[PDB]
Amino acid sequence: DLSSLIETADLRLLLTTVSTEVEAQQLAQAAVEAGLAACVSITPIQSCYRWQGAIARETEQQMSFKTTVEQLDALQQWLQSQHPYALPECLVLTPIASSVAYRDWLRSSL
C-alpha cells in the first residue's frame, strides 16, 4: 500500500563517490543490471579533503545505491572490484521506515 508507513530494518543505502559522470553512469547501470541494487542515484558534488598533505577540492559524483542487507556484502565486494579508486568512499545508512509499496518494490527488484 502506497500510503502506509512501516518500520524497516533490512533496507540499506550505500554511499560512494567517483570522479567522472561516465564512471558513475557505468557503475550505476552495471549494479542494477547485476541485481545488486534496486535503484542508484547520482548527483554532482564538490569534495574537500586532505591529500598528500594539502587540501584538495575536487568535483565528483556522489552515488547512492538502494539495496537490502542480503545484497550489501556482494555489492561492496563487487564495487571494490569495479571502483576506479584504490580506496573508495563507502558508508552505509539504514532507513528505519518506508512505505509498504516501496519496500515491496525494492525487495522484488532484488
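Note that residue numbering follows the sequence shown and begins at 1.
J.: Does a third or more of the other compared entries skip modelling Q26?
T.: No, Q26 has coordinates in all the other entries compared.
J.: Would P84 be found without coordinates in at least a third of the other compared entries?
T.: Residue status for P84: no gap in any other entry.
J.: Should the higher mean CA B-factor in the entry be assigned to 78-86 or to 50-58?
T.: Mean C-alpha B-factor is greater for 78-86.
J.: Of the two stretches 1-9 and 100-108, which shows the higher Cα B-factor on average in the entry?
T.: Between 1-9 and 100-108, it is 1-9.
J.: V22: which third of its chain by C-alpha temperature factor?
T.: As the PDB entry reports it, the C-alpha B-factor of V22 lands in the highest third of its chain.
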